[PDB]
Structure formats: structure tokens, C-alpha cells
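Enquirer: Structure file work-v5.pdb, PDB, C-alpha atoms and all ligand atoms, is pasted below:
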ATOM      1  CA  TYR A 333       0.000   0.000   0.000  1.00  0.00           C
ATOM      2  CA  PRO A 334       1.795   3.197  -1.113  1.00  0.00           C
ATOM      3  CA  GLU A 335      -0.178   5.316   1.387  1.00  0.00           C
ATOM      4  CA  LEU A 336       1.486   3.957   4.527  1.00  0.00           C
ATOM      5  CA  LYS A 337       2.972   7.013   6.249  1.00  0.00           C
ATOM      6  CA  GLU A 338      -0.055   9.068   5.189  1.00  0.00           C
ATOM      7  CA  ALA A 339      -2.333   6.642   7.035  1.00  0.00           C
ATOM      8  CA  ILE A 340      -0.128   6.888  10.134  1.00  0.00           C
ATOM      9  CA  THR A 341      -0.280  10.687  10.042  1.00  0.00           C
ATOM     10  CA  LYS A 342      -4.053  10.621   9.531  1.00  0.00           C
ATOM     11  CA  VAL A 343      -4.669   8.266  12.457  1.00  0.00           C
ATOM     12  CA  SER A 344      -2.309  10.214  14.727  1.00  0.00           C
ATOM     13  CA  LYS A 345      -4.000  13.507  13.802  1.00  0.00           C
ATOM     14  CA  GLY A 346      -7.439  11.893  13.483  1.00  0.00           C
ATOM     15  CA  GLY A 347      -9.626  10.796  10.601  1.00  0.00           C
ATOM     16  CA  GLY A 348      -8.939   8.284   7.874  1.00  0.00           C
ATOM     17  CA  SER A 349     -11.155   5.710   6.210  1.00  0.00           C
ATOM     18  CA  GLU A 350     -11.762   2.124   7.307  1.00  0.00           C
ATOM     19  CA  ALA A 351      -9.077   0.806   4.948  1.00  0.00           C
ATOM     20  CA  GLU A 352      -6.430   3.085   6.468  1.00  0.00           C
ATOM     21  CA  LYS A 353      -7.305   1.972  10.002  1.00  0.00           C
ATOM     22  CA  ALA A 354      -7.304  -1.687   8.944  1.00  0.00           C
ATOM     23  CA  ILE A 355      -3.888  -1.456   7.286  1.00  0.00           C
ATOM     24  CA  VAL A 356      -2.507   0.480  10.266  1.00  0.00           C
ATOM     25  CA  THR A 357      -3.728  -2.094  12.785  1.00  0.00           C
ATOM     26  CA  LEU A 358      -2.599  -5.106  10.738  1.00  0.00           C
ATOM     27  CA  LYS A 359       0.790  -3.517   9.952  1.00  0.00           C
ATOM     28  CA  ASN A 360       1.839  -2.874  13.569  1.00  0.00           C
ATOM     29  CA  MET A 361       2.668  -6.570  14.039  1.00  0.00           C
ATOM     30  CA  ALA A 362       6.414  -7.057  14.534  1.00  0.00           C
ATOM     31  CA  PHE A 363       6.613 -10.423  12.780  1.00  0.00           C
ATOM     32  CA  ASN A 364       9.028 -11.620  10.111  1.00  0.00           C
ATOM     33  CA  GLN A 365       6.042 -12.989   8.159  1.00  0.00           C
ATOM     34  CA  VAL A 366       4.941  -9.394   7.415  1.00  0.00           C
ATOM     35  CA  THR A 367       7.110  -7.102   5.283  1.00  0.00           C
ATOM     36  CA  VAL A 368       6.760  -3.314   5.061  1.00  0.00           C
ATOM     37  CA  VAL A 369       7.643  -1.538   1.806  1.00  0.00           C
ATOM     38  CA  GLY A 370       7.248   2.210   1.362  1.00  0.00           C
ATOM     39  CA  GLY A 371       7.963   4.614  -1.454  1.00  0.00           C
ATOM     40  CA  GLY A 372       6.519   6.635  -4.284  1.00  0.00           C
ATOM     41  CA  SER A 373       7.028   3.806  -6.785  1.00  0.00           C
ATOM     42  CA  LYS A 374       8.284   0.769  -4.826  1.00  0.00           C
ATOM     43  CA  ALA A 375       4.734  -0.351  -3.999  1.00  0.00           C
ATOM     44  CA  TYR A 376       3.594   0.340  -7.573  1.00  0.00           C
ATOM     45  CA  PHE A 377       3.510  -2.310 -10.291  1.00  0.00           C
ATOM     46  CA  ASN A 378       6.480  -0.730 -12.085  1.00  0.00           C
ATOM     47  CA  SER A 379       8.993  -1.645  -9.371  1.00  0.00           C
ATOM     48  CA  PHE A 380       7.908  -5.306  -9.461  1.00  0.00           C
ATOM     49  CA  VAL A 381       9.271  -5.870 -12.985  1.00  0.00           C
ATOM     50  CA  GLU A 382      12.945  -5.572 -12.025  1.00  0.00           C
ATOM     51  CA  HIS A 383      12.646  -7.633  -8.823  1.00  0.00           C
ATOM     52  CA  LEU A 384      12.504 -10.892 -10.803  1.00  0.00           C
ATOM     53  CA  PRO A 385      15.924 -12.622 -10.848  1.00  0.00           C
ATOM     54  CA  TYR A 386      17.296 -14.414 -13.875  1.00  0.00           C
ATOM     55  CA  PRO A 387      17.954 -18.169 -13.597  1.00  0.00           C
ATOM     56  CA  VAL A 388      21.542 -19.196 -12.949  1.00  0.00           C
ATOM     57  CA  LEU A 389      21.691 -21.733 -15.791  1.00  0.00           C
ATOM     58  CA  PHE A 390      19.243 -20.127 -18.233  1.00  0.00           C
ATOM     59  CA  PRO A 391      21.090 -18.326 -21.063  1.00  0.00           C
ATOM     60  CA  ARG A 392      21.009 -14.535 -20.917  1.00  0.00           C
ATOM     61  CA  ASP A 393      21.980 -13.622 -24.490  1.00  0.00           C
ATOM     62  CA  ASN A 394      19.093 -12.474 -26.696  1.00  0.00           C
ATOM     63  CA  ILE A 395      19.178 -14.200 -30.093  1.00  0.00           C
ATOM     64  CA  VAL A 396      15.468 -14.120 -30.929  1.00  0.00           C
ATOM     65  CA  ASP A 397      15.541 -10.839 -32.863  1.00  0.00           C
ATOM     66  CA  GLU A 398      18.418 -12.167 -34.973  1.00  0.00           C
ATOM     67  CA  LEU A 399      16.395 -15.267 -35.863  1.00  0.00           C
ATOM     68  CA  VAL A 400      13.310 -13.176 -36.658  1.00  0.00           C
ATOM     69  CA  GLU A 401      15.210 -10.796 -38.939  1.00  0.00           C
ATOM     70  CA  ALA A 402      17.030 -13.680 -40.636  1.00  0.00           C
ATOM     71  CA  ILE A 403      13.689 -15.357 -41.364  1.00  0.00           C
ATOM     72  CA  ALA A 404      12.223 -12.078 -42.621  1.00  0.00           C
ATOM     73  CA  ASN A 405      15.162 -11.320 -44.926  1.00  0.00           C
ATOM     74  CA  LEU A 406      16.396 -14.662 -46.269  1.00  0.00           C
ATOM     75  CA  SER A 407      12.899 -16.181 -46.188  1.00  0.00           C
TER      76      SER A 407
ATOM     77  CA  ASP B 250      19.594 -49.416 -77.043  1.00  0.00           C
ATOM     78  CA  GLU B 251      15.922 -48.813 -77.801  1.00  0.00           C
ATOM     79  CA  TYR B 252      14.931 -45.148 -77.471  1.00  0.00           C
ATOM     80  CA  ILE B 253      17.840 -42.980 -76.271  1.00  0.00           C
ATOM     81  CA  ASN B 254      19.883 -43.359 -79.461  1.00  0.00           C
ATOM     82  CA  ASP B 255      16.914 -42.446 -81.660  1.00  0.00           C
ATOM     83  CA  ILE B 256      16.384 -39.269 -79.640  1.00  0.00           C
ATOM     84  CA  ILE B 257      20.085 -38.468 -79.982  1.00  0.00           C
ATOM     85  CA  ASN B 258      20.546 -39.009 -83.736  1.00  0.00           C
ATOM     86  CA  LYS B 259      17.208 -39.592 -85.496  1.00  0.00           C
ATOM     87  CA  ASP B 260      16.591 -35.963 -86.562  1.00  0.00           C
ATOM     88  CA  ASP B 261      12.823 -35.284 -86.525  1.00  0.00           C
ATOM     89  CA  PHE B 262      11.396 -37.846 -84.102  1.00  0.00           C
ATOM     90  CA  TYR B 263       9.557 -36.821 -80.925  1.00  0.00           C
ATOM     91  CA  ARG B 264       6.477 -38.027 -79.061  1.00  0.00           C
ATOM     92  CA  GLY B 265       4.247 -37.224 -76.085  1.00  0.00           C
ATOM     93  CA  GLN B 266       4.441 -38.580 -72.530  1.00  0.00           C
ATOM     94  CA  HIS B 267       7.297 -41.093 -72.681  1.00  0.00           C
ATOM     95  CA  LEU B 268      10.217 -39.528 -70.768  1.00  0.00           C
ATOM     96  CA  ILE B 269      10.454 -38.081 -67.252  1.00  0.00           C
ATOM     97  CA  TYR B 270      13.253 -35.522 -66.980  1.00  0.00           C
ATOM     98  CA  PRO B 271      14.224 -32.849 -65.959  1.00  0.00           C
ATOM     99  CA  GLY B 272      11.236 -31.777 -63.846  1.00  0.00           C
ATOM    100  CA  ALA B 273       9.596 -31.828 -67.248  1.00  0.00           C
ATOM    101  CA  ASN B 274       5.944 -32.847 -66.880  1.00  0.00           C
ATOM    102  CA  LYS B 275       4.605 -31.217 -63.724  1.00  0.00           C
ATOM    103  CA  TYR B 276       1.230 -30.273 -65.224  1.00  0.00           C
ATOM    104  CA  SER B 277       0.542 -34.022 -64.998  1.00  0.00           C
ATOM    105  CA  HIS B 278       0.084 -35.253 -61.435  1.00  0.00           C
ATOM    106  CA  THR B 279       1.528 -38.685 -62.235  1.00  0.00           C
ATOM    107  CA  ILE B 280       5.059 -37.407 -62.873  1.00  0.00           C
ATOM    108  CA  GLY B 281       5.079 -34.627 -60.271  1.00  0.00           C
ATOM    109  CA  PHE B 282       4.178 -37.294 -57.721  1.00  0.00           C
ATOM    110  CA  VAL B 283       7.751 -38.619 -57.836  1.00  0.00           C
ATOM    111  CA  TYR B 284       9.499 -35.324 -57.085  1.00  0.00           C
ATOM    112  CA  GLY B 285       6.876 -34.293 -54.548  1.00  0.00           C
ATOM    113  CA  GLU B 286       7.319 -37.593 -52.711  1.00  0.00           C
ATOM    114  CA  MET B 287      11.114 -37.441 -52.698  1.00  0.00           C
ATOM    115  CA  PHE B 288      10.958 -33.873 -51.379  1.00  0.00           C
ATOM    116  CA  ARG B 289       8.350 -34.930 -48.805  1.00  0.00           C
ATOM    117  CA  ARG B 290      10.617 -37.692 -47.506  1.00  0.00           C
ATOM    118  CA  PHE B 291      13.492 -35.200 -47.394  1.00  0.00           C
ATOM    119  CA  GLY B 292      11.434 -32.612 -45.517  1.00  0.00           C
ATOM    120  CA  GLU B 293      10.092 -35.075 -42.963  1.00  0.00           C
ATOM    121  CA  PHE B 294      13.601 -36.533 -42.656  1.00  0.00           C
ATOM    122  CA  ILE B 295      15.027 -33.254 -41.341  1.00  0.00           C
ATOM    123  CA  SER B 296      12.154 -33.205 -38.831  1.00  0.00           C
ATOM    124  CA  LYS B 297      13.851 -36.152 -37.114  1.00  0.00           C
ATOM    125  CA  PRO B 298      15.635 -35.504 -33.803  1.00  0.00           C
ATOM    126  CA  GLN B 299      19.361 -36.085 -33.356  1.00  0.00           C
ATOM    127  CA  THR B 300      19.887 -35.940 -37.127  1.00  0.00           C
ATOM    128  CA  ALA B 301      22.886 -34.414 -38.905  1.00  0.00           C
ATOM    129  CA  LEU B 302      22.389 -32.414 -42.108  1.00  0.00           C
ATOM    130  CA  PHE B 303      25.200 -31.430 -44.478  1.00  0.00           C
ATOM    131  CA  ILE B 304      25.335 -28.627 -47.058  1.00  0.00           C
ATOM    132  CA  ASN B 305      28.885 -28.733 -48.445  1.00  0.00           C
ATOM    133  CA  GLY B 306      30.258 -26.897 -51.467  1.00  0.00           C
ATOM    134  CA  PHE B 307      26.860 -25.647 -52.634  1.00  0.00           C
ATOM    135  CA  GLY B 308      26.268 -22.506 -54.675  1.00  0.00           C
ATOM    136  CA  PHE B 309      22.717 -22.114 -53.328  1.00  0.00           C
ATOM    137  CA  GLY B 310      21.194 -21.618 -56.767  1.00  0.00           C
ATOM    138  CA  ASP B 311      17.786 -22.792 -55.524  1.00  0.00           C
ATOM    139  CA  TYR B 312      15.071 -20.815 -53.739  1.00  0.00           C
ATOM    140  CA  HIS B 313      12.843 -23.395 -52.031  1.00  0.00           C
ATOM    141  CA  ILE B 314      15.731 -24.981 -50.115  1.00  0.00           C
ATOM    142  CA  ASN B 315      16.891 -21.719 -48.533  1.00  0.00           C
ATOM    143  CA  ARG B 316      13.388 -20.652 -47.482  1.00  0.00           C
ATOM    144  CA  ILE B 317      12.650 -24.110 -46.061  1.00  0.00           C
ATOM    145  CA  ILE B 318      15.905 -24.015 -44.087  1.00  0.00           C
ATOM    146  CA  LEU B 319      15.106 -20.538 -42.760  1.00  0.00           C
ATOM    147  CA  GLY B 320      11.627 -21.643 -41.691  1.00  0.00           C
ATOM    148  CA  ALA B 321      12.973 -24.885 -40.189  1.00  0.00           C
ATOM    149  CA  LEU B 322      15.436 -23.225 -37.791  1.00  0.00           C
ATOM    150  CA  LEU B 323      13.231 -24.309 -34.868  1.00  0.00           C
ATOM    151  CA  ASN B 324      15.413 -27.425 -34.684  1.00  0.00           C
ATOM    152  CA  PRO B 325      18.390 -26.636 -32.391  1.00  0.00           C
ATOM    153  CA  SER B 326      20.503 -29.341 -34.081  1.00  0.00           C
ATOM    154  CA  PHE B 327      21.437 -27.675 -37.386  1.00  0.00           C
ATOM    155  CA  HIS B 328      25.122 -27.626 -38.362  1.00  0.00           C
ATOM    156  CA  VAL B 329      26.430 -26.439 -41.732  1.00  0.00           C
ATOM    157  CA  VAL B 330      29.892 -26.413 -43.317  1.00  0.00           C
ATOM    158  CA  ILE B 331      30.135 -24.779 -46.751  1.00  0.00           C
ATOM    159  CA  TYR B 332      33.093 -24.357 -49.109  1.00  0.00           C
TER     160      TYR B 332
HETATM  161  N1  LIG C   1      12.791 -34.385 -55.820  1.00  0.00           N
HETATM  162  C1  LIG C   1      13.603 -33.135 -55.851  1.00  0.00           C
HETATM  163  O1  LIG C   1      14.503 -32.993 -55.090  1.00  0.00           O
HETATM  164  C2  LIG C   1      13.265 -32.000 -56.898  1.00  0.00           C
HETATM  165  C3  LIG C   1      12.287 -31.057 -56.630  1.00  0.00           C
HETATM  166  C4  LIG C   1      12.021 -30.072 -57.585  1.00  0.00           C
HETATM  167  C5  LIG C   1      12.746 -30.071 -58.772  1.00  0.00           C
HETATM  168  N2  LIG C   1      13.670 -30.978 -59.004  1.00  0.00           N
HETATM  169  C6  LIG C   1      14.420 -30.940 -60.284  1.00  0.00           C
HETATM  170  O2  LIG C   1      14.723 -29.673 -60.092  1.00  0.00           O
HETATM  171  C7  LIG C   1      14.497 -28.969 -61.439  1.00  0.00           C
HETATM  172  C8  LIG C   1      15.663 -28.023 -61.809  1.00  0.00           C
HETATM  173  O3  LIG C   1      16.613 -27.980 -60.761  1.00  0.00           O
HETATM  174  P1  LIG C   1      18.117 -27.345 -61.136  1.00  0.00           P
HETATM  175  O4  LIG C   1      18.744 -28.185 -62.230  1.00  0.00           O
HETATM  176  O5  LIG C   1      17.943 -25.922 -61.630  1.00  0.00           O
HETATM  177  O6  LIG C   1      19.113 -27.351 -59.811  1.00  0.00           O
HETATM  178  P2  LIG C   1      20.772 -27.382 -59.936  1.00  0.00           P
HETATM  179  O7  LIG C   1      21.220 -28.762 -60.354  1.00  0.00           O
HETATM  180  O8  LIG C   1      21.207 -26.381 -60.981  1.00  0.00           O
HETATM  181  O9  LIG C   1      21.463 -26.987 -58.467  1.00  0.00           O
HETATM  182  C9  LIG C   1      22.844 -27.240 -58.273  1.00  0.00           C
HETATM  183  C10 LIG C   1      23.654 -26.401 -59.317  1.00  0.00           C
HETATM  184  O10 LIG C   1      24.271 -25.406 -58.741  1.00  0.00           O
HETATM  185  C11 LIG C   1      25.553 -25.128 -59.686  1.00  0.00           C
HETATM  186  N3  LIG C   1      26.516 -24.286 -58.948  1.00  0.00           N
HETATM  187  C12 LIG C   1      26.800 -23.016 -59.216  1.00  0.00           C
HETATM  188  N4  LIG C   1      27.706 -22.571 -58.361  1.00  0.00           N
HETATM  189  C13 LIG C   1      28.024 -23.574 -57.515  1.00  0.00           C
HETATM  190  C14 LIG C   1      28.888 -23.734 -56.422  1.00  0.00           C
HETATM  191  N5  LIG C   1      29.701 -22.633 -55.985  1.00  0.00           N
HETATM  192  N6  LIG C   1      28.957 -24.895 -55.793  1.00  0.00           N
HETATM  193  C15 LIG C   1      28.207 -25.908 -56.196  1.00  0.00           C
HETATM  194  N7  LIG C   1      27.377 -25.811 -57.220  1.00  0.00           N
HETATM  195  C16 LIG C   1      27.264 -24.665 -57.893  1.00  0.00           C
HETATM  196  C17 LIG C   1      26.010 -26.346 -60.040  1.00  0.00           C
HETATM  197  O11 LIG C   1      26.496 -26.316 -61.358  1.00  0.00           O
HETATM  198  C18 LIG C   1      24.810 -27.277 -59.946  1.00  0.00           C
HETATM  199  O12 LIG C   1      25.106 -28.351 -59.106  1.00  0.00           O
HETATM  200  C19 LIG C   1      14.400 -30.130 -62.487  1.00  0.00           C
HETATM  201  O13 LIG C   1      13.563 -29.756 -63.554  1.00  0.00           O
HETATM  202  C20 LIG C   1      13.884 -31.105 -61.824  1.00  0.00           C
HETATM  203  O14 LIG C   1      14.314 -32.341 -62.359  1.00  0.00           O
HETATM  204  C21 LIG C   1      13.944 -31.925 -58.113  1.00  0.00           C
END
Produce C-alpha cells that represent the structure in this file.
Ligand SMILES: NC(=O)c1ccc[n+]([C@@H]2O[C@@H](COP(=O)([O-])OP(=O)(O)OC[C@H]3O[C@@H](n4cnc5c(N)ncnc54)[C@H](O)[C@H]3O)[C@H](O)[C@H]2O)c1
Expert:
Amino acid sequence: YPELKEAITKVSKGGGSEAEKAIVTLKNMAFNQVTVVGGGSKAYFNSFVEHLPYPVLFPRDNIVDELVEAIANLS
Amino acid sequence: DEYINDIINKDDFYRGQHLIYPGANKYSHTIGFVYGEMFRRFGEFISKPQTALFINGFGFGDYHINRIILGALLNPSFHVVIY
């Protein structure tokens, strides 16, 4: 949830919707099974793309475009 | 003995459907059948796994072969040595 600190400020100062209170109360747990991530883009879908690691044994070189262009030109 | 010599040195002597070469009578299915079948066996032969194909000292004067090879690159077991 990107709006993490905002919810904390709202509850401390008063107000906030039911979702903010729920996330605040369920986030206070100090357990390793719950992870807290905050940021302007870390919680967004964009940051999730780069988090995926490449396999150790899977080849990393890209040779698909070469095959496609070879097929297009020669064939 | 019988027919080749006459064709060679008999001047004006020709007939209809008697000879099959080179790729001559394709408008007739009967002849074409032979070349189509040989090419079919060749094409489904390269589809085999763990098969080695050789193209050595070839000028690549044909068109179908090159396009078929380009479209058949899905096989990761293609090796070529050309002079
Ligand atoms: N079942 C089949 O495989 C099949 C299919 C279709 C047609 N055909 C036959 O194909 C038709 C014509 O085919 P084609 O005669 O034009 O093919 P082709 O015999 O001319 O192809 C090979 C040629 O390339 C020449 N060449 C030029 N440079 C070369 C180089 N650097 N290295 C090697 N060779 C070089 C060679 O002189 C010669 O071998 C015939 O009408 C028909 O009989 C056969």
C-alpha cells in the first residue's frame, strides 16, 4: 500500500477511512512474516518488474531478434 | 539401345508422354508425384531428432531450399559447413 505514512499521520492527527485503520492495525505486528515496503514507486507495479531474478543456468543472451530478422530477410 | 539413341541421332522424331526428366511434366500429377514424394521424404527426414544435415560446397542456386531451411530453424541441431 503506497499510502502507509499518510495513514499513520491521519490516524495520529485523526480521521482516515476504514481501509487506512485496517492497514494500520494489521501492519503494527512485529513479525518476520509481514514485510513493510514504502515509497513513491516501490509499492507500484512498475517496481515489481525488475525484482525478478534471472535463472543461474538459463542463457542470458538475446538471439530471438536475430532469428526473426534472418527469417524475414532470407525467407 | 531402344529409345535414347533415336532421340540423340534420329533428326525429326519426338512423341508425347514417354520420358520423365528434368522436372519436365509437372502439369501431370503422375510425374510430379515422384518429385513431390522425394521432397516430402526429405522434408520429414530433417524433422527427425538427433539428425545431422550437411550442405557442403553448394552454390545455393535454388530458392525453395533456402526458405525451407530458414523456416525450419526451430530445430536446435542444425550444423552447416560450406566451401
Ligand atoms: N525431388 C527433388 O529434389 C526436386 C524437386 C524439384 C525439382 N527438381 C528438379 O529440379 C528442377 C531443376 O533444378 P536445377 O537443375 O535448376 O538445380 P541445380 O542442379 O542447378 O542446383 C545445383 C547447381 O548449382 C551449380 N553451382 C553453381 N555454383 C556452384 C557452387 N559454388 N557450388 C556448387 N554448385 C554450384 C552447379 O552447377 C549445380 O550443381 C528439375 O527440372 C527437376 O528435375 C527436383
Enquirer: List all protein, DNA and RNA residues that have any atom at most 8 Å from ligand LIG 1 (chain C), counting all atoms listed in the file, and write the list as a ChimeraX atom specification.
Expert: /B:270-273,283-288,306-311,332
Enquirer: Pick from B:281, B:325, B:265, B:320: nearest to chain A, with all atoms listed in the file counted?
Expert: B:320
Enquirer: Decode the PyMOL selection byres ((chain A) within 10 of (chain B)) for the given file into explicit residues and return them as JSON, numbers by chain.
Expert: {"A": [399, 400, 402, 403, 404, 405, 406, 407]}
Enquirer: Go through the shown structure with the PyMOL selection byres (((chain A and resi 352) around 9) and not hetatm) and write out the matching residues as a PDB file with C-alpha atoms, in the frame of the given file.
Expert:
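Output (expr-v3.pdb):
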ATOM      1  CA  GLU A 335      -0.178   5.316   1.387  1.00  0.00           C
ATOM      2  CA  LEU A 336       1.486   3.957   4.527  1.00  0.00           C
ATOM      3  CA  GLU A 338      -0.055   9.068   5.189  1.00  0.00           C
ATOM      4  CA  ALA A 339      -2.333   6.642   7.035  1.00  0.00           C
ATOM      5  CA  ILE A 340      -0.128   6.888  10.134  1.00  0.00           C
ATOM      6  CA  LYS A 342      -4.053  10.621   9.531  1.00  0.00           C
ATOM      7  CA  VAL A 343      -4.669   8.266  12.457  1.00  0.00           C
ATOM      8  CA  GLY A 348      -8.939   8.284   7.874  1.00  0.00           C
ATOM      9  CA  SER A 349     -11.155   5.710   6.210  1.00  0.00           C
ATOM     10  CA  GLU A 350     -11.762   2.124   7.307  1.00  0.00           C
ATOM     11  CA  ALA A 351      -9.077   0.806   4.948  1.00  0.00           C
ATOM     12  CA  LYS A 353      -7.305   1.972  10.002  1.00  0.00           C
ATOM     13  CA  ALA A 354      -7.304  -1.687   8.944  1.00  0.00           C
ATOM     14  CA  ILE A 355      -3.888  -1.456   7.286  1.00  0.00           C
ATOM     15  CA  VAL A 356      -2.507   0.480  10.266  1.00  0.00           C
ATOM     16  CA  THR A 357      -3.728  -2.094  12.785  1.00  0.00           C
TER      17      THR A 357
END
Enquirer: Which residues, protein or nucleic acid, reach to within 9 Å of (19.0, -28.4, -35.8) in the file's coordinates when using all atoms listed in the file, and can you give that as a list in words?
Expert: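 Here is the list of nearby residues: residues 295, 296, 298, 299, 300, 301, 302, 321, 322, 323, 324, 325, 326, 327 and 328 of chain B.
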Enquirer: With all atoms of stretch 288-298 of chain B from the file as input, state the centre and edge lengths in Å to one decimal of the axis-aligned box that has 6 Å extra on each side, as lines of an AutoDock Vina configuration file.
Expert:
center_x = 12.0
center_y = -35.2
center_z = -42.6
size_x = 19.3
size_y = 17.1
size_z = 29.6
Enquirer: Smallest atom-to-atom distance to residue A:333: which of A:361, A:396, A:388, A:375, using all atoms listed in the file?
Expert: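 When distances to residue A:333 are compared using all atoms listed in the file, the smallest one comes from A:375.
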Enquirer: Could you tell me how far atom CA of residue A:341 sits from atom CA of residue A:371, in Å to one decimal place?
Expert: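 If I compute the distance from atom CA of residue A:371 to atom CA of residue A:341, I get 15.4 Å.
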Enquirer: What gap, in Å, lies between atom CA of residue B:291 and atom CA of residue B:314?
Expert: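 Interatomic distance, atom CA of residue B:291 to atom CA of residue B:314: 10.8 Å.
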Enquirer: Have a look at atom CA of residue A:370 and atom CA of residue A:334 and let me know their distance in Å, one decimal.
Expert: 6.1 Å
Enquirer: Can you sort out stretch 338-349 of chain A so it carries N, CA and C atoms, written as a PDB file, in the frame of the given file?
Expert:
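To be explicit, this is the file written out as part_14.pdb:
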ATOM      1  N   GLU A 338       1.109   8.190   5.186  1.00  0.00           N
ATOM      2  CA  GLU A 338      -0.055   9.068   5.189  1.00  0.00           C
ATOM      3  C   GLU A 338      -1.134   8.541   6.125  1.00  0.00           C
ATOM      4  N   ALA A 339      -1.361   7.226   6.117  1.00  0.00           N
ATOM      5  CA  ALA A 339      -2.333   6.642   7.035  1.00  0.00           C
ATOM      6  C   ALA A 339      -1.912   6.846   8.485  1.00  0.00           C
ATOM      7  N   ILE A 340      -0.618   6.688   8.773  1.00  0.00           N
ATOM      8  CA  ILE A 340      -0.128   6.888  10.134  1.00  0.00           C
ATOM      9  C   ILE A 340      -0.372   8.326  10.576  1.00  0.00           C
ATOM     10  N   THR A 341      -0.053   9.286   9.704  1.00  0.00           N
ATOM     11  CA  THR A 341      -0.280  10.687  10.042  1.00  0.00           C
ATOM     12  C   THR A 341      -1.763  10.966  10.250  1.00  0.00           C
ATOM     13  N   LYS A 342      -2.617  10.396   9.400  1.00  0.00           N
ATOM     14  CA  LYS A 342      -4.053  10.621   9.531  1.00  0.00           C
ATOM     15  C   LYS A 342      -4.573  10.079  10.857  1.00  0.00           C
ATOM     16  N   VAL A 343      -4.175   8.857  11.216  1.00  0.00           N
ATOM     17  CA  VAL A 343      -4.669   8.266  12.457  1.00  0.00           C
ATOM     18  C   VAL A 343      -4.132   9.030  13.663  1.00  0.00           C
ATOM     19  N   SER A 344      -2.861   9.442  13.619  1.00  0.00           N
ATOM     20  CA  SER A 344      -2.309  10.214  14.727  1.00  0.00           C
ATOM     21  C   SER A 344      -3.036  11.544  14.885  1.00  0.00           C
ATOM     22  N   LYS A 345      -3.286  12.238  13.774  1.00  0.00           N
ATOM     23  CA  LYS A 345      -4.000  13.507  13.802  1.00  0.00           C
ATOM     24  C   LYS A 345      -5.513  13.335  13.815  1.00  0.00           C
ATOM     25  N   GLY A 346      -6.013  12.146  13.521  1.00  0.00           N
ATOM     26  CA  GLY A 346      -7.439  11.893  13.483  1.00  0.00           C
ATOM     27  C   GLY A 346      -7.960  11.789  12.062  1.00  0.00           C
ATOM     28  N   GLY A 347      -9.023  11.013  11.899  1.00  0.00           N
ATOM     29  CA  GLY A 347      -9.626  10.796  10.601  1.00  0.00           C
ATOM     30  C   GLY A 347      -9.176   9.502   9.955  1.00  0.00           C
ATOM     31  N   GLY A 348      -9.300   9.468   8.637  1.00  0.00           N
ATOM     32  CA  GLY A 348      -8.939   8.284   7.874  1.00  0.00           C
ATOM     33  C   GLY A 348     -10.115   7.348   7.675  1.00  0.00           C
ATOM     34  N   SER A 349     -10.087   6.636   6.551  1.00  0.00           N
ATOM     35  CA  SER A 349     -11.155   5.710   6.210  1.00  0.00           C
ATOM     36  C   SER A 349     -10.932   4.367   6.903  1.00  0.00           C
TER      37      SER A 349
END
